[PDB]
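Chemist: Below is work14.txt; it holds compact mmCIF, C-alpha atoms and all ligand atoms.
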# COMPACT_ATOMS: atom_id res chain seq x y z
CA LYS A 1 99.95 63.04 36.64
CA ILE A 2 98.23 66.20 37.92
CA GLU A 3 100.46 68.75 39.69
CA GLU A 4 99.83 69.23 43.42
CA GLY A 5 99.61 72.89 44.45
CA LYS A 6 97.87 74.05 41.27
CA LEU A 7 94.42 74.16 39.64
CA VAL A 8 93.69 73.34 36.00
CA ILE A 9 90.13 74.08 34.86
CA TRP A 10 88.53 72.98 31.58
CA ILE A 11 85.50 74.81 30.13
CA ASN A 12 84.01 75.04 26.62
CA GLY A 13 85.15 77.92 24.36
CA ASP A 14 81.66 79.44 24.05
CA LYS A 15 81.66 80.16 27.82
CA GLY A 16 83.40 83.09 29.53
CA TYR A 17 86.77 81.49 30.31
CA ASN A 18 88.52 84.89 30.46
CA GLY A 19 86.17 85.84 33.32
CA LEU A 20 87.03 82.55 35.03
CA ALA A 21 90.70 83.58 34.75
CA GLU A 22 90.00 86.78 36.73
CA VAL A 23 88.52 84.85 39.66
CA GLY A 24 91.50 82.53 39.09
CA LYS A 25 93.91 85.45 39.56
CA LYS A 26 92.01 86.68 42.64
CA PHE A 27 92.36 83.13 44.00
CA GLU A 28 96.11 83.13 43.28
CA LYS A 29 96.32 86.53 45.00
CA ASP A 30 94.82 85.16 48.24
CA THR A 31 96.13 81.57 48.26
CA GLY A 32 99.31 81.65 46.14
CA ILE A 33 97.88 78.89 43.93
CA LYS A 34 98.27 79.33 40.17
CA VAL A 35 94.96 78.81 38.34
CA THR A 36 95.25 77.82 34.66
CA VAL A 37 91.97 77.99 32.72
CA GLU A 38 91.85 75.96 29.49
CA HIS A 39 89.21 75.50 26.78
CA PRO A 40 90.27 72.55 24.60
CA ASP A 41 88.33 71.25 21.61
CA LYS A 42 85.82 68.45 22.27
CA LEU A 43 86.50 68.59 26.03
CA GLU A 44 83.38 66.52 26.82
CA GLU A 45 84.91 63.70 24.74
CA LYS A 46 88.48 64.53 25.81
CA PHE A 47 87.88 64.48 29.59
CA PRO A 48 86.79 60.83 30.16
CA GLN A 49 89.56 59.13 28.16
CA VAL A 50 92.21 61.43 29.66
CA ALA A 51 90.82 61.24 33.23
CA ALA A 52 91.18 57.44 33.02
CA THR A 53 94.91 57.73 32.12
CA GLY A 54 97.09 59.87 32.85
CA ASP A 55 94.61 62.42 34.24
CA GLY A 56 93.55 65.84 32.91
CA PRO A 57 92.06 68.87 34.69
CA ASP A 58 91.27 69.40 38.38
CA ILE A 59 87.91 71.01 37.59
CA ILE A 60 85.70 70.21 34.59
CA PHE A 61 82.88 72.53 33.49
CA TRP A 62 80.04 71.11 31.39
CA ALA A 63 76.23 70.85 31.45
CA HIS A 64 74.89 68.33 33.99
CA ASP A 65 73.65 65.75 31.42
CA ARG A 66 77.10 64.15 30.91
CA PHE A 67 78.18 64.09 34.58
CA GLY A 68 76.19 60.99 35.58
CA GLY A 69 78.19 59.04 33.00
CA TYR A 70 81.42 60.45 34.44
CA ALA A 71 80.32 59.53 37.99
CA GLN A 72 79.51 55.96 36.89
CA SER A 73 83.08 55.68 35.55
CA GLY A 74 84.38 56.85 38.96
CA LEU A 75 86.01 59.91 37.41
CA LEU A 76 84.42 62.58 39.61
CA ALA A 77 85.42 63.24 43.22
CA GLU A 78 82.54 63.14 45.70
CA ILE A 79 81.77 66.64 46.98
CA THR A 80 80.52 67.51 50.47
CA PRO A 81 79.04 71.00 50.88
CA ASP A 82 77.11 71.50 54.13
CA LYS A 83 73.43 72.50 54.22
CA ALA A 84 74.39 76.14 54.91
CA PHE A 85 76.07 76.28 51.49
CA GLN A 86 73.32 74.30 49.74
CA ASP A 87 70.73 76.89 50.82
CA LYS A 88 72.64 79.58 48.88
CA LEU A 89 71.79 77.78 45.61
CA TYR A 90 68.30 76.88 44.32
CA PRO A 91 66.98 73.41 45.29
CA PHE A 92 65.95 72.40 41.74
CA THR A 93 69.48 73.30 40.62
CA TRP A 94 70.88 70.77 43.12
CA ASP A 95 68.35 68.17 41.85
CA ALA A 96 69.98 68.37 38.43
CA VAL A 97 73.56 67.25 39.27
CA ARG A 98 72.30 64.64 41.76
CA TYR A 99 73.09 61.07 40.66
CA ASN A 100 72.38 57.78 42.45
CA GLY A 101 71.02 59.73 45.46
CA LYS A 102 74.28 61.65 45.85
CA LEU A 103 75.91 64.97 44.90
CA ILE A 104 78.64 64.81 42.23
CA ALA A 105 79.33 68.43 41.12
CA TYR A 106 78.72 72.09 41.99
CA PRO A 107 76.06 73.68 39.77
CA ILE A 108 76.85 77.16 38.43
CA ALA A 109 73.98 78.37 36.23
CA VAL A 110 70.95 77.16 34.26
CA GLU A 111 70.64 77.78 30.52
CA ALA A 112 68.00 77.30 27.83
CA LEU A 113 67.81 78.24 24.15
CA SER A 114 65.79 81.29 23.09
CA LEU A 115 64.78 82.85 19.77
CA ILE A 116 67.13 85.78 19.17
CA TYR A 117 65.75 88.14 16.52
CA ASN A 118 66.89 91.32 14.76
CA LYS A 119 64.19 93.86 15.65
CA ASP A 120 65.36 96.54 13.18
CA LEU A 121 64.35 94.46 10.13
CA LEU A 122 61.98 92.10 12.01
CA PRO A 123 60.08 94.26 14.55
CA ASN A 124 57.22 91.72 14.83
CA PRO A 125 58.69 88.21 15.24
CA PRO A 126 56.72 85.09 14.26
CA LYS A 127 55.04 83.14 17.08
CA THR A 128 54.96 79.95 14.95
CA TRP A 129 57.38 77.79 12.96
CA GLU A 130 54.64 77.64 10.30
CA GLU A 131 54.99 81.39 9.55
CA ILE A 132 58.76 81.23 8.90
CA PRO A 133 58.69 79.86 5.30
CA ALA A 134 56.60 82.76 3.93
CA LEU A 135 58.64 85.22 6.00
CA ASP A 136 61.84 83.83 4.44
CA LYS A 137 60.55 84.56 0.91
CA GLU A 138 59.79 88.18 1.89
CA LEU A 139 63.33 88.61 3.25
CA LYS A 140 65.09 86.79 0.39
CA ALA A 141 63.69 89.47 -1.95
CA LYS A 142 65.47 92.03 0.28
CA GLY A 143 68.63 89.87 0.13
CA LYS A 144 68.48 88.26 3.58
CA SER A 145 67.32 85.10 5.38
CA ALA A 146 64.68 84.43 8.04
CA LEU A 147 66.30 81.86 10.32
CA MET A 148 69.74 80.29 10.69
CA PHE A 149 71.05 78.09 13.51
CA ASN A 150 73.33 75.14 14.24
CA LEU A 151 71.87 72.02 12.58
CA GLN A 152 75.04 69.99 13.26
CA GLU A 153 74.24 69.79 17.00
CA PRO A 154 70.90 68.17 18.00
CA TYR A 155 70.64 70.43 21.09
CA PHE A 156 69.42 73.23 18.78
CA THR A 157 66.88 71.15 16.81
CA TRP A 158 65.52 69.32 19.86
CA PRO A 159 63.06 72.13 20.76
CA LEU A 160 61.06 71.61 17.54
CA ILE A 161 61.37 67.81 17.76
CA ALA A 162 60.01 67.79 21.32
CA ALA A 163 57.18 70.29 20.64
CA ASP A 164 54.55 67.65 19.77
CA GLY A 165 55.60 65.12 22.43
CA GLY A 166 59.04 63.96 21.32
CA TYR A 167 61.22 62.80 24.23
CA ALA A 168 64.53 61.06 24.91
CA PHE A 169 63.75 58.69 27.80
CA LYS A 170 60.32 58.33 29.41
CA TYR A 171 60.13 58.98 33.14
CA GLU A 172 57.73 57.32 35.58
CA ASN A 173 58.22 59.27 38.83
CA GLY A 174 61.82 60.21 39.70
CA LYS A 175 63.21 57.64 37.26
CA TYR A 176 63.90 57.05 33.55
CA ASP A 177 63.41 53.96 31.37
CA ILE A 178 66.11 53.41 28.73
CA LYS A 179 63.92 50.78 27.03
CA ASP A 180 61.26 53.45 26.43
CA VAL A 181 62.48 55.89 23.75
CA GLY A 182 60.43 58.74 22.22
CA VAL A 183 62.54 59.69 19.20
CA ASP A 184 60.26 57.92 16.69
CA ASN A 185 56.74 58.94 17.74
CA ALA A 186 54.29 61.16 15.83
CA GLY A 187 55.61 64.33 17.49
CA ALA A 188 59.31 63.68 16.89
CA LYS A 189 58.75 62.71 13.24
CA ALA A 190 56.45 65.67 12.60
CA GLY A 191 59.00 68.03 14.17
CA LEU A 192 61.90 66.70 12.10
CA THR A 193 59.78 66.48 8.91
CA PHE A 194 58.94 70.20 9.09
CA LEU A 195 62.61 71.01 9.67
CA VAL A 196 63.75 68.95 6.66
CA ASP A 197 60.92 70.62 4.70
CA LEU A 198 62.54 74.00 5.45
CA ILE A 199 65.71 72.57 3.87
CA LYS A 200 63.88 71.00 0.89
CA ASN A 201 62.42 74.40 -0.02
CA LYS A 202 65.71 76.31 0.39
CA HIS A 203 64.61 78.27 3.49
CA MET A 204 67.63 76.99 5.43
CA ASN A 205 70.94 75.26 4.61
CA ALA A 206 71.76 71.77 5.94
CA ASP A 207 75.49 72.49 6.45
CA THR A 208 74.81 75.54 8.65
CA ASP A 209 76.90 75.18 11.83
CA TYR A 210 77.41 77.30 14.97
CA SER A 211 80.10 79.61 13.54
CA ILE A 212 78.26 80.28 10.27
CA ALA A 213 74.88 80.92 11.92
CA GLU A 214 76.47 83.26 14.48
CA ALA A 215 78.30 85.18 11.74
CA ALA A 216 75.05 85.51 9.78
CA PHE A 217 73.03 87.04 12.62
CA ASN A 218 75.77 89.29 14.02
CA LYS A 219 76.66 90.68 10.57
CA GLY A 220 72.92 91.41 10.13
CA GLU A 221 72.43 88.91 7.29
CA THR A 222 69.63 86.85 8.93
CA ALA A 223 66.53 87.99 10.82
CA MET A 224 66.48 85.26 13.48
CA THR A 225 68.73 82.75 15.20
CA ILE A 226 68.36 80.24 18.04
CA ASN A 227 70.99 80.34 20.79
CA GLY A 228 71.65 80.52 24.53
CA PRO A 229 72.79 83.37 26.84
CA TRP A 230 76.53 82.83 26.15
CA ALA A 231 76.04 84.21 22.60
CA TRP A 232 74.62 87.56 23.82
CA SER A 233 78.08 89.04 24.48
CA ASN A 234 79.11 88.97 20.81
CA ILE A 235 75.79 90.49 19.69
CA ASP A 236 76.18 93.44 22.10
CA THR A 237 79.55 94.38 20.56
CA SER A 238 78.23 93.79 17.01
CA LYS A 239 75.71 96.63 17.62
CA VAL A 240 72.88 94.61 16.07
CA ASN A 241 69.61 95.81 17.62
CA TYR A 242 68.11 92.57 18.97
CA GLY A 243 65.70 91.00 21.44
CA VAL A 244 65.26 87.64 23.17
CA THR A 245 61.80 86.03 22.90
CA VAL A 246 59.85 82.79 23.39
CA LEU A 247 60.59 80.09 20.80
CA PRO A 248 58.15 79.47 17.93
CA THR A 249 55.27 77.03 18.54
CA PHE A 250 54.54 74.01 16.34
CA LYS A 251 50.95 72.87 15.74
CA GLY A 252 50.01 75.33 18.51
CA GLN A 253 52.32 73.53 20.97
CA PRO A 254 55.32 75.39 22.41
CA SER A 255 58.84 74.20 21.57
CA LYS A 256 60.43 72.28 24.45
CA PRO A 257 64.17 73.02 24.71
CA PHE A 258 66.34 70.70 26.78
CA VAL A 259 67.37 72.80 29.78
CA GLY A 260 71.00 72.48 30.89
CA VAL A 261 72.86 73.37 34.09
CA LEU A 262 76.45 74.54 33.76
CA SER A 263 78.12 72.63 36.58
CA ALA A 264 81.71 72.16 37.75
CA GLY A 265 82.92 68.72 38.85
CA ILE A 266 86.13 67.83 40.68
CA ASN A 267 88.36 65.12 39.19
CA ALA A 268 88.79 62.05 41.43
CA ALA A 269 92.49 61.78 40.48
CA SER A 270 93.11 65.43 41.47
CA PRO A 271 95.33 65.81 44.56
CA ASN A 272 93.98 69.37 44.96
CA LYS A 273 90.48 68.37 46.09
CA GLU A 274 90.39 70.83 49.00
CA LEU A 275 91.71 73.69 46.86
CA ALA A 276 89.10 72.84 44.21
CA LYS A 277 86.33 72.97 46.83
CA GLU A 278 87.94 76.12 48.24
CA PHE A 279 87.95 77.79 44.81
CA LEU A 280 84.39 76.90 43.78
CA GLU A 281 82.45 77.56 47.00
CA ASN A 282 84.30 80.63 48.28
CA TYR A 283 85.46 82.34 45.06
CA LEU A 284 83.41 81.30 42.01
CA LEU A 285 79.97 80.75 43.58
CA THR A 286 79.73 84.27 45.02
CA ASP A 287 78.26 87.53 43.74
CA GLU A 288 81.79 88.74 42.94
CA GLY A 289 82.87 85.53 41.19
CA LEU A 290 79.81 85.15 38.97
CA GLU A 291 80.06 88.84 37.96
CA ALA A 292 83.55 88.21 36.54
CA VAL A 293 82.35 85.23 34.50
CA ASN A 294 78.95 86.72 33.56
CA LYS A 295 80.45 90.04 32.40
CA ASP A 296 82.75 88.19 29.96
CA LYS A 297 80.04 85.93 28.50
CA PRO A 298 76.60 85.69 30.17
CA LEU A 299 75.73 82.53 32.15
CA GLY A 300 71.94 83.02 32.10
CA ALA A 301 69.96 82.36 35.27
CA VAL A 302 72.55 81.47 37.93
CA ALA A 303 72.28 78.92 40.76
CA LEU A 304 73.38 81.35 43.48
CA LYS A 305 70.17 82.90 44.87
CA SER A 306 71.67 86.26 45.89
CA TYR A 307 73.12 87.06 42.46
CA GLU A 308 70.12 85.69 40.52
CA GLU A 309 67.82 88.23 42.18
CA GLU A 310 70.04 90.92 40.63
CA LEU A 311 70.01 89.37 37.12
CA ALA A 312 66.27 88.51 37.13
CA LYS A 313 65.40 92.15 36.27
CA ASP A 314 67.10 91.74 32.86
CA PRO A 315 64.31 90.81 30.39
CA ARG A 316 66.59 88.50 28.36
CA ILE A 317 66.90 86.21 31.40
CA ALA A 318 63.11 86.28 31.89
CA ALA A 319 62.77 85.06 28.29
CA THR A 320 65.38 82.33 28.87
CA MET A 321 63.56 81.14 32.00
CA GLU A 322 60.22 81.31 30.14
CA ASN A 323 61.59 78.94 27.49
CA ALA A 324 62.96 76.65 30.22
CA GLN A 325 59.57 76.44 31.97
CA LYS A 326 57.99 75.26 28.71
CA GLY A 327 60.96 72.97 28.03
CA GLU A 328 62.27 70.33 30.44
CA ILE A 329 65.44 69.45 32.34
CA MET A 330 67.95 67.09 30.73
CA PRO A 331 68.34 63.66 32.29
CA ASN A 332 71.79 63.07 33.82
CA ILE A 333 71.88 59.30 33.27
CA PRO A 334 75.04 57.68 31.77
CA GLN A 335 73.16 56.83 28.53
CA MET A 336 72.82 60.52 27.54
CA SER A 337 76.26 60.35 25.88
CA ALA A 338 75.16 57.53 23.56
CA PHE A 339 71.82 59.29 23.02
CA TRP A 340 73.40 62.55 21.87
CA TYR A 341 75.94 60.81 19.62
CA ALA A 342 73.16 58.76 17.99
CA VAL A 343 70.59 61.55 17.51
CA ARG A 344 73.28 63.84 16.06
CA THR A 345 73.93 61.42 13.19
CA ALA A 346 70.21 60.81 12.61
CA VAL A 347 69.40 64.53 12.31
CA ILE A 348 72.41 65.20 10.03
CA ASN A 349 71.55 62.29 7.70
CA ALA A 350 67.91 63.41 7.46
CA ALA A 351 68.91 67.02 6.73
CA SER A 352 71.48 65.98 4.10
CA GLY A 353 68.98 63.64 2.41
CA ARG A 354 71.18 60.61 3.13
CA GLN A 355 68.14 59.02 4.80
CA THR A 356 64.48 60.06 4.78
CA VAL A 357 63.00 61.24 8.11
CA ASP A 358 61.18 57.97 8.90
CA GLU A 359 64.28 55.94 7.97
CA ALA A 360 66.63 57.93 10.21
CA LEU A 361 64.41 58.05 13.31
CA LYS A 362 63.41 54.38 12.96
CA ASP A 363 67.08 53.40 12.62
CA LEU A 364 67.89 55.66 15.59
CA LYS A 365 65.40 53.99 17.93
CA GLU A 366 65.85 50.45 16.63
CA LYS A 367 69.57 50.05 15.91
CA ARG A 368 71.67 53.22 16.30
CA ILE A 369 71.04 53.95 20.00
CA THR A 370 71.84 50.38 21.11
CA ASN A 371 74.96 50.14 18.91
CA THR A 372 76.26 53.38 20.43
CA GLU A 373 75.60 52.09 23.97
CA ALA A 374 77.70 49.00 23.14
CA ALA A 375 80.45 51.13 21.57
CA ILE A 376 81.20 53.13 24.74
CA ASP A 377 80.76 50.11 27.10
CA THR A 378 83.58 48.33 25.26
CA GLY A 379 86.69 50.10 23.90
CA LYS A 380 86.43 52.38 20.85
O1 LIG B 1 74.21 68.93 20.80
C1 LIG B 1 74.41 67.87 21.75
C2 LIG B 1 74.97 68.44 23.05
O2 LIG B 1 73.96 69.26 23.65
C3 LIG B 1 74.36 69.89 24.87
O3 LIG B 1 75.49 70.74 24.61
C4 LIG B 1 75.22 72.13 24.63
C5 LIG B 1 75.53 72.65 26.03
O4 LIG B 1 74.50 72.25 26.95
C6 LIG B 1 75.64 74.17 26.06
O5 LIG B 1 76.11 74.56 27.35
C7 LIG B 1 76.58 74.66 24.97
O6 LIG B 1 77.91 74.19 25.21
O7 LIG B 1 76.12 74.21 23.69
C8 LIG B 1 76.08 72.78 23.55
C9 LIG B 1 75.54 72.45 22.16
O8 LIG B 1 76.64 72.13 21.29
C10 LIG B 1 74.75 68.84 25.90
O9 LIG B 1 75.21 69.49 27.10
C11 LIG B 1 75.83 67.92 25.35
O10 LIG B 1 76.12 66.88 26.29
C12 LIG B 1 75.37 67.33 24.02
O11 LIG B 1 76.41 66.53 23.44
Show how you would write the structure in this file as structure tokens.
Modeler:
Amino acid sequence: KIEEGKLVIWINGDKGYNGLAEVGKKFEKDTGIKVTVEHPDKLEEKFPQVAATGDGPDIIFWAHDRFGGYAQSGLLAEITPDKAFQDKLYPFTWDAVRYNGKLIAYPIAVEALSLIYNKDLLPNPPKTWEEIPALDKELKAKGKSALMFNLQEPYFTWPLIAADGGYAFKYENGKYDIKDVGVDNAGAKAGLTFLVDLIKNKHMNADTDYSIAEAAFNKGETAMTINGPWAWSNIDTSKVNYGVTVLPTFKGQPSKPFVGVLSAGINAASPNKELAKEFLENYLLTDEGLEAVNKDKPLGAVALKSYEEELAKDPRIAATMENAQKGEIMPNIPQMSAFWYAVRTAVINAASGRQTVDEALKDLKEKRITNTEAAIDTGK
């Protein structure tokens, strides 16, 4: 059971959890309540099974896409901020994190992937994916690579896949249709085919993960990488001279990155619901609170209007918001969990040569997605 008179927060390791501890200590200073920030492995998978026990954290921090699934399972406490508080944050930020015509979590900040490039050895970055192969050959002669990024997570390869009209679930107007899937259309296949072509011709390695790709760019071994605002902190200290720019276009069409919204939800089992609300509204979601977190590891464009006006001057955040405009907001429906688990396998198998592109994306749409939806509905 969860301890009453205490707050336990979970947040992913790539975020600024040490900054969240500072606001935690300032909270303990004022209220006498010990805040314990944690960042366990696979917390998005760990939360639901533990929340249904047994119970885990009081607050859970993750992008909005998974929260609608949590809310369906009755895991999240219903929040009630008044309109005075809602006006402090951006309206479209509240729209993401709204499920079933109801608010389920406090949104913190919005985040979208951008092309991060080393401007000392690549002063003129490529505007197209199509230019990268030839650029890689020029750099390989110098003993370096053109592009490296996490291929093990489909969040990073989605931008290219969606560039020519690849989508997850087709909307109508303020709705989504789970029967209508866009992961096996001309645009999705073309996007993935070009990516696997980069692998086939040794311009990028299929086993490249987050850690390896980050190491490569920050050590100065690759010219470009694709990542969000959270990664900027480590590049600053690495002293690599870099810039943040619009993602490469494919067939003249801009890449469409799935835009996320870091949001904090209160556990339904938590006996510290008031303290949770007290912490988030009055300590975290303030200029002072977001500074602490943002200084540790950047959040990107934040939901709080007052503080966002300050950050908007920074050209990195303009480039993040430019990539978000071209991209589109993630759905927050419960099926996004099964979607992500299914697409992940499909992309990996295609990149490893286990399946061909057409085989993987056909299997994804036809069989894999539905099997995954059945897996989580029953016990697994
Ligand atoms: O790769 C699938 C994964 O994508 C998103 O996860 C992002 C997240 O939005 C970022 O905040 C950061 O943590 O990087 C992650 C990529 O590993 C979805 O939020 C997530 O549900 C999904 O499984």
Chemist: Set out as JSON lines a contact list for chain A and ligand LIG 1 (chain B) with a cut-off of 6 Å, giving each residue of chain A that qualifies its closest atom pair and distance in Å to one decimal, counting all atoms listed in the file, ordered by chain and rising residue number.
Modeler:
{"residue": "A:63", "atom": "CA", "partner": "B:LIG1", "partner_atom": "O9", "distance": 4.7}
{"residue": "A:65", "atom": "CA", "partner": "B:LIG1", "partner_atom": "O10", "distance": 5.8}
{"residue": "A:66", "atom": "CA", "partner": "B:LIG1", "partner_atom": "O10", "distance": 5.5}
{"residue": "A:153", "atom": "CA", "partner": "B:LIG1", "partner_atom": "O1", "distance": 3.9}
{"residue": "A:154", "atom": "CA", "partner": "B:LIG1", "partner_atom": "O1", "distance": 4.4}
{"residue": "A:155", "atom": "CA", "partner": "B:LIG1", "partner_atom": "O1", "distance": 3.9}
{"residue": "A:260", "atom": "CA", "partner": "B:LIG1", "partner_atom": "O4", "distance": 5.3}
{"residue": "A:340", "atom": "CA", "partner": "B:LIG1", "partner_atom": "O11", "distance": 5.2}
Chemist: In Å, how far is it from atom CA of residue 156 of chain A to atom CA of residue 42 of chain A?
Modeler: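 Interatomic distance here is 17.4 Å.
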Chemist: One decimal, Å: what's the distance from atom CA of residue 167 of chain A over to atom CA of residue 373 of chain A, could you say?
Modeler: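 We find that atom CA of residue 167 of chain A and atom CA of residue 373 of chain A lie 17.9 Å from each other.
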Chemist: Env of residue 165 of chain A: 12 Å cut, atoms = all atoms listed in the file, seq-sep filter 5 positions within chain, self excluded. Answer as a list in words.
Modeler: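 The contact residues come out as residues 158, 159, 160, 170, 181, 182, 183, 184, 185, 186, 187, 188, 189, 190, 191, 250, 251, 253, 254, 255, 256, 257, 327 and 328 of chain A.
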Chemist: Please tabulate, as JSON lines, the residues of segment 288-343 of chain A that come within 10 Å of segment 20-28 of chain A, each with its closest pair of atoms and the distance in Å to one decimal, counting all atoms listed in the file and ordering rows by chain, then residue number upward.
Modeler:
{"residue": "A:288", "atom": "CA", "partner": "A:23", "partner_atom": "CA", "distance": 8.4}
{"residue": "A:289", "atom": "CA", "partner": "A:23", "partner_atom": "CA", "distance": 5.9}
{"residue": "A:290", "atom": "CA", "partner": "A:20", "partner_atom": "CA", "distance": 8.6}
{"residue": "A:291", "atom": "CA", "partner": "A:23", "partner_atom": "CA", "distance": 9.5}
{"residue": "A:292", "atom": "CA", "partner": "A:22", "partner_atom": "CA", "distance": 6.6}
{"residue": "A:293", "atom": "CA", "partner": "A:20", "partner_atom": "CA", "distance": 5.4}
{"residue": "A:294", "atom": "CA", "partner": "A:20", "partner_atom": "CA", "distance": 9.2}
{"residue": "A:296", "atom": "CA", "partner": "A:20", "partner_atom": "CA", "distance": 8.7}
Chemist: Atom CA of residue 267 of chain A and atom CA of residue 55 of chain A, how far apart in Å?
Modeler: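 Result for atom CA of residue 55 of chain A versus atom CA of residue 267 of chain A: 8.4 Å, one decimal.
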Chemist: So that all listed atoms of segment 102-111 of chain A fit with 8 Å spare on each side, what axis-aligned box centre and edge lengths in Å, to one decimal, would you give as AutoDock Vina command-line options?
Modeler:
--center_x 75.0 --center_y 70.0 --center_z 38.2 --size_x 24.7 --size_y 32.7 --size_z 31.3
Chemist: Kindly write N, CA, C and O atoms of segment 112-124 of chain A from the structure just given to a file, as a PDB file, in the first residue's frame.
Modeler:
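selection_33.pdb was written with the following content:
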ATOM      1  N   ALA A 112       8.648  17.624 -29.255  1.00  0.00           N
ATOM      2  CA  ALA A 112       8.695  17.038 -30.586  1.00  0.00           C
ATOM      3  C   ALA A 112      10.145  16.869 -31.015  1.00  0.00           C
ATOM      4  O   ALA A 112      11.009  17.668 -30.647  1.00  0.00           O
ATOM      5  N   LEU A 113      10.405  15.827 -31.798  1.00  0.00           N
ATOM      6  CA  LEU A 113      11.759  15.524 -32.254  1.00  0.00           C
ATOM      7  C   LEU A 113      12.244  16.569 -33.254  1.00  0.00           C
ATOM      8  O   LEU A 113      11.458  17.090 -34.048  1.00  0.00           O
ATOM      9  N   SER A 114      13.539  16.874 -33.198  1.00  0.00           N
ATOM     10  CA  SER A 114      14.177  17.786 -34.149  1.00  0.00           C
ATOM     11  C   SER A 114      15.496  17.195 -34.635  1.00  0.00           C
ATOM     12  O   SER A 114      16.093  16.355 -33.963  1.00  0.00           O
ATOM     13  N   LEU A 115      15.946  17.635 -35.808  1.00  0.00           N
ATOM     14  CA  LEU A 115      17.256  17.245 -36.313  1.00  0.00           C
ATOM     15  C   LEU A 115      18.317  18.049 -35.579  1.00  0.00           C
ATOM     16  O   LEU A 115      18.358  19.277 -35.691  1.00  0.00           O
ATOM     17  N   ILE A 116      19.157  17.354 -34.817  1.00  0.00           N
ATOM     18  CA  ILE A 116      20.281  17.976 -34.129  1.00  0.00           C
ATOM     19  C   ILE A 116      21.535  17.657 -34.932  1.00  0.00           C
ATOM     20  O   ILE A 116      21.835  16.490 -35.182  1.00  0.00           O
ATOM     21  N   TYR A 117      22.259  18.696 -35.339  1.00  0.00           N
ATOM     22  CA  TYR A 117      23.401  18.534 -36.235  1.00  0.00           C
ATOM     23  C   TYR A 117      24.643  19.229 -35.689  1.00  0.00           C
ATOM     24  O   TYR A 117      24.544  20.250 -35.007  1.00  0.00           O
ATOM     25  N   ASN A 118      25.808  18.659 -35.995  1.00  0.00           N
ATOM     26  CA  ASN A 118      27.096  19.222 -35.598  1.00  0.00           C
ATOM     27  C   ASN A 118      27.558  20.230 -36.646  1.00  0.00           C
ATOM     28  O   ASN A 118      28.023  19.848 -37.723  1.00  0.00           O
ATOM     29  N   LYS A 119      27.442  21.516 -36.324  1.00  0.00           N
ATOM     30  CA  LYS A 119      27.695  22.573 -37.308  1.00  0.00           C
ATOM     31  C   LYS A 119      29.175  22.931 -37.515  1.00  0.00           C
ATOM     32  O   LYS A 119      29.484  23.776 -38.358  1.00  0.00           O
ATOM     33  N   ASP A 120      30.081  22.293 -36.773  1.00  0.00           N
ATOM     34  CA  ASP A 120      31.518  22.461 -37.022  1.00  0.00           C
ATOM     35  C   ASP A 120      31.976  21.648 -38.232  1.00  0.00           C
ATOM     36  O   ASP A 120      32.747  22.145 -39.050  1.00  0.00           O
ATOM     37  N   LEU A 121      31.508  20.406 -38.342  1.00  0.00           N
ATOM     38  CA  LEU A 121      31.820  19.571 -39.508  1.00  0.00           C
ATOM     39  C   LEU A 121      30.663  19.446 -40.514  1.00  0.00           C
ATOM     40  O   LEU A 121      30.851  18.887 -41.596  1.00  0.00           O
ATOM     41  N   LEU A 122      29.481  19.957 -40.162  1.00  0.00           N
ATOM     42  CA  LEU A 122      28.349  20.014 -41.091  1.00  0.00           C
ATOM     43  C   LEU A 122      27.654  21.380 -41.009  1.00  0.00           C
ATOM     44  O   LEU A 122      26.528  21.481 -40.518  1.00  0.00           O
ATOM     45  N   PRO A 123      28.324  22.440 -41.503  1.00  0.00           N
ATOM     46  CA  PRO A 123      27.773  23.797 -41.403  1.00  0.00           C
ATOM     47  C   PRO A 123      26.479  24.002 -42.201  1.00  0.00           C
ATOM     48  O   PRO A 123      25.650  24.827 -41.816  1.00  0.00           O
ATOM     49  N   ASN A 124      26.322  23.264 -43.299  1.00  0.00           N
ATOM     50  CA  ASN A 124      25.125  23.339 -44.137  1.00  0.00           C
ATOM     51  C   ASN A 124      24.375  22.002 -44.108  1.00  0.00           C
ATOM     52  O   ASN A 124      24.685  21.096 -44.887  1.00  0.00           O
TER      53      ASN A 124
END
